[PDB]
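1. when you get a sec, could you give me coordinates for this:
(chains A, B, C and D)
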Amino acid sequence: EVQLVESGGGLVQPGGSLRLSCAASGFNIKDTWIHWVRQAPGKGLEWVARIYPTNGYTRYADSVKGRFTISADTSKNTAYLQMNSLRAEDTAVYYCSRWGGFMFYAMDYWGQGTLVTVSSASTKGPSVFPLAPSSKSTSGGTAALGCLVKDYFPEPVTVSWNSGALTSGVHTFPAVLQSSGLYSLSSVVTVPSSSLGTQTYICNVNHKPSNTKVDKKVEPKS
Amino acid sequence: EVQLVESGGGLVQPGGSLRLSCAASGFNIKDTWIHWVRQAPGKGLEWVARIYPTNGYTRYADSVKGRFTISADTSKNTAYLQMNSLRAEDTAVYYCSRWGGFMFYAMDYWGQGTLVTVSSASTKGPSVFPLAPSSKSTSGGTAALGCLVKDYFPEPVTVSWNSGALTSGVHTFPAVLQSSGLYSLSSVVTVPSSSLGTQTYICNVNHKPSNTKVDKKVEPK
Amino acid sequence: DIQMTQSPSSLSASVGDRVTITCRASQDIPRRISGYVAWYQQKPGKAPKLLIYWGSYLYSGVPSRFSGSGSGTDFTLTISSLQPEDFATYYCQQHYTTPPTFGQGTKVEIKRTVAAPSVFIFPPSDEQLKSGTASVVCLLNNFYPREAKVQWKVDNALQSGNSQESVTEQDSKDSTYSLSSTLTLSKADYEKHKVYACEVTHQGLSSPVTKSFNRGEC
Amino acid sequence: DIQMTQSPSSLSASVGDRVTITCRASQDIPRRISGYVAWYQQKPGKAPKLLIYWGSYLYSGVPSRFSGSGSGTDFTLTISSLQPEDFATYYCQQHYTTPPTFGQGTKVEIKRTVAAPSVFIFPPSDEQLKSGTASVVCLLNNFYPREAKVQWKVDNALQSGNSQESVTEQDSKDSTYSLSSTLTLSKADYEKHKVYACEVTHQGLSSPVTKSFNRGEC
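-> Residues are numbered from 1 along each chain as shown, chains lettered A, B, ... in the order given. Have a look at this structure:
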């Protein structure tokens, strides 16, 4: 039940402003130090800022000085990263973390991260198309089926199957950027050749940046 | 109500062993770091050791490695400095202190300190002699009285007057080491000349290392 | 300024092997200044997890197979007995400086026995074709090693430049990969041709495997 | 190793003066390594008190006349308007290294107007004489400056080498000192002489003050 939860991340235009929130529970931020760390897509970790909420002491990485401000509200148990004058190079997943106990220099608990995408391109939700199984398409002893989640922006999308009931044998591929400047991915699942045309398979797609949710039934074509 | 109290200090022969205690109240040592700092007589501050009770991580000054061990007992909320193979040069007041909050690198609360004297000389309590003016001395209305606290070892001694009721105008002098290798000091107080032979003046001397306490009534002979 | 140099930048090793990763300060540092080096593990899609702090202390709940050590300006993380779940990128971090800095990372891959992909081809949906575009998908499932080649043909015409590939991260249980290859065509081009084929070459396959469909058949 | 160089080692100043004290790292330190310099005040017989932490933060409950600053590897403590209660030894502390280290300290004395001592002489007690020794004590009370000269005479014989002096620390309210001088004689020697005198010379006295007693005048 120690937990940190980041919010506030998303698509913003270059030069724009965004405020990230890091909501703590199970401990008081007043008792410790809160940090932000970011990670550009496919890159390594980069430390961004830290604060000691009790006295307001802050430090910053040179890459964000004068543009970003770290702050905190102990009454809300929440820390903030106000990001102004945003640039493409600020595109990353932003993680908040803490130190615990009096154990300095060890980030023991982290949030799940929030993606910040800095781009002039606009949000767009996906179209979802079936990758249909067939009894005539068996390999390695099973059938396969899936959903093609096409033409969205920005990242990310999530895909579940049968509302979370179906997890075994699922692969949701990393998105690829098309020449159109839109993302696309497929999520697939292997299943028994016996299950086809009798078991229901539904992919549940959520693209939060566009408030787009789709449940697509995927079945053998007739 | 945050407080740290040292104990266990005193006289020890060279090569000998002593364990100091640092008893914490108003906070839990499990939530923080406990340090020892010492101060040789007349000298500056010297860092000695530190511990993070939660996981037993310790660090030591070079001057004490292999001889002193810092430890803690979170069930007694107490830290310890086990000092072995003691040397003359380990003579000092030893203070324990903490960090507070998650405010690293700032010793915010300290104990009062406990003196460790490393010597082959034995403990000896003082003799206490009155300091009173001669019968034929005159004054302009203010007179001085006092107590000579002679021939003790080791430091310290404490002196009060009339069980703490007389504090104005008291000076208890720093001890001086005599050629005998024993300390002596005087404590004096100034009072109305009229009160001599009327008011009672008692110096209360405590030399804890020898368990020697004396209450001496001082009047002109 | 002061940086940590991590090596190797990547490695593969078998289950049960001993792996050592190194982190080296970029310059000389005055004696007695502590770096309080920490090691973190990061799996795909997840935040970094603390493994080791202050050079050699094992963080609570971390398996005993991980250990850290340090001497002078050189720190090592050691995994004594590599498990399939230890696929991850490992990072050191130094606190000589404020701000502290991370090593550039070490990607650890689990080596396992060769496994050939299962291969599936999917035609475009009638729903998509309405839009003007057809996507044809070829799936390679649960294979090892990661290297594989997919070739597309449309009525025996080799398609070059109109496909994209995606590869899953290594599976944390079975140490396999899967891969998709997506061919994009206009509706009008799709409807002009019959035979759609994906041919897969991979070390676990003695000869290439081809999956195909004929448009308008079932 | 890395050390802090404190200057001046001592100073005197008047009530209301601005005082500044300086702490310098012994060497060059790699950029971006913080030393989190702290300043403490120590009065006689007491533990150090924290004044300033992390270079410039005022510790809670400390008067606002204390402030700290830093730039590069030079640190300063400033007392804006010196009060009599500020008599103390001030120490800086650095945490570049572990272990951290202290400055050697700065003794701050309060400069005040000249005040002549009041002088008192005390004969030895009959109780002590029994034991074989006679201590004769001369007190100089509540004077400024600290420097003073006490001369002992026994039947007009100047005593040299058989006395010791003690001086109190500066008073935290009136900024004066007091001093004792103790003359030691054997009981045989004490019993051979009559007039015991202490003569005190001090800036505050136009001419020396002599206090005496005659043995057995009791």
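
2. any idea how chain C splits into domains?
-> If you go by curated CATH domains, the domain ranges for chain C are C:1-112, C:113-218.

3. ends of the longest one, what's the gap?
-> Using CA to CA, to the nearest Å, the span of domain C:1-112 from its first residue to its last is 40 Å.

4. after the helix or strand hosting residue A:71, which helix or strand is next?
-> Take DSSP states H and E as the rule and residue A:71 turns out to sit in strand A:68-73. The C-terminal neighbour of strand A:68-73 among helices and strands, as given by DSSP H and E, is strand A:78-83.

5. of the domains of chain C, which is nearest chain B?
-> Of all the domains of chain C, domain C:1-112 sits nearest to chain B, with 6.6 Å by CB to the nearest CB. C-beta: built from backbone N, CA, C; applies to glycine.

6. any idea how far that closest one is from the middle of the chain?
-> Domain C:1-112 has its C-alpha centroid displaced from the chain centroid by 19 Å (CA atoms, centre = their mean, to the nearest Å).

7. so what's the residue with the shortest distance to the centre of chain C closest to, chain neighbours aside?
-> Centroid-nearest residue in chain C: residue C:169, 3.9 Å away (criterion: CA atoms, centre = their mean). If you skip the residues right next to it in sequence, residue C:169 has residue C:44 as its closest partner in space, 4.2 Å away by CB to CB, 6 or more residues apart in numbering or on different chains.

8. and for residue A:151?
-> residue A:182 (4.5 Å).

9. for residue C:129, same thing?
-> Among residues not flanking residue C:129 along the chain, residue C:187 sits closest, at 5.1 Å (CB to CB, 6+ apart).

10. count the residues that sit near the spatially closest residue to residue A:86 that is not a sequence neighbour.
-> Once flanking residues are discounted, residue A:86 sits nearest to residue A:118: 4.9 Å by CB to CB, 6+ apart. Around residue A:118 there are 20 other residues, counting by other CB atoms under 10 Å in any protein chain shown.

11. and for residue A:28?
-> Residue A:28 has 11 nearby residues by other CB under 10 Å.

12. now swap in residue C:67 and tell me
-> Look at residue C:67: counted by other CB under 10 Å, it has 18 neighbours.

13. how close does it get to chain A?
-> 16 Å (CB to the nearest CB, to the nearest Å).

14. so which helix or strand takes in that residue?
-> strand C:66-71.

15. in that strand, what counts as buried?
-> By neighbour count on 16 or more other CB atoms under 10 Å in any protein chain shown, the buried set for strand C:66-71 is C:66-68, C:70.

16. name the helices or strands packed onto that strand?
-> strand C:49-53, strand C:57-58, strand C:74-79 (3 or more CB pairs under 8 Å, 6 or more residues apart in numbering or on different chains; DSSP states H and E).

17. any buried residues in the host helix or strand of residue C:13, and which?
-> Under the criterion of DSSP H and E, residue C:13 resides in strand C:10-14. For strand C:10-14, the neighbour count (16+ other CB under 10 Å) marks residue C:12 as buried.

18. and the angle for it with strand C:74-79?
-> On the basis of axes from the mean of the first three to the mean of the last three CA atoms, to 10 degrees, strand C:10-14 is oriented at 30 degrees to strand C:74-79.

19. can you list the strands that strand C:10-14 pairs with?
-> Strand C:10-14 pairs in its sheet with strand C:106-111 (parallel), by DSSP bridges.

20. what residues does the strand it pairs with touch?
-> Outside of strand C:106-111, the residues within contact range by CB atoms under 8 Å, 6 or more residues apart in numbering or on different chains are C:6-15, C:19, C:21, C:79, C:82, C:84, C:86-91, C:170, C:175.

21. of the residues you listed, buried ones?
-> Among those, those classed as buried by 16+ other CB under 10 Å are C:6, C:12, C:19, C:21, C:79, C:82, C:86-91, C:170, C:175.

22. so can I have CSV of the residues you listed showing distance to residue C:135 and secondary structure?
-> Converted to CSV, those look like this (distance: CB to CB, whole Å; DSSP: H, G, I helix; E, B strand; the rest coil):
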residue, distance to residue C:135, secondary structure
C:6, 40, strand
C:12, 33, strand
C:19, 40, strand
C:21, 41, strand
C:79, 41, strand
C:82, 39, coil
C:86, 36, helix
C:87, 30, coil
C:88, 32, strand
C:89, 31, strand
C:90, 37, strand
C:91, 37, strand
C:170, 26, coil
C:175, 30, coil
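
23. so what's the residue count around residue C:23?
-> For residue C:23, using other CB under 10 Å, the count is 27.

24. also residue A:201?
-> Residues lying near residue A:201 (other CB under 10 Å) number 21.

25. give me the domain ranges for chain A.
-> Per curated CATH domains, the structural domains of chain A span A:1-120, A:121-222.

26. chain D contacts on chain C?
-> Residues of chain C lying near chain D by CB under 8 Å from any CB of the partner chain: C:1-2, C:27, C:29-34, C:96-99.

27. biggest separation within the residues you listed, which pair?
-> Spanning the widest gap among the residues of chain C next to chain D are C:31 and C:99, at 22.4 Å by CB to CB.

28. which strand or helix spans residue A:46?
-> In the assignment (DSSP H and E), residue A:46 maps to strand A:45-52.

29. and that strand, does that touch chain D?
-> No - Strand A:45-52 lies out of reach of chain D by CB under 8 Å from any CB, never closer than 9.2 Å.

30. in stretch C:101-112, what counts as buried?
-> Neighbour-count burial for stretch C:101-112 [16+ other CB under 10 Å]: C:101-106, C:108-110, C:112.

31. where do the helices sit along chain C?
-> For chain C, the helices defined by DSSP state H occupy C:126-130, C:187-191.

32. same list (these) but as a markdown table, adding mean neighbour count.
-> Converted to a markdown table, the helices of chain C look like this (neighbours: other CB atoms under 10 Å in any protein chain shown):
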| stretch | mean neighbour count |
| --- | --- |
| helix C:126-130 | 14 |
| helix C:187-191 | 14 |
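
33. list just the nearest of the buried residues of stretch C:101-112 to residue D:62.
-> If you rank these by distance to residue D:62 using CB to CB, residue C:101 comes first, at 34.6 Å.
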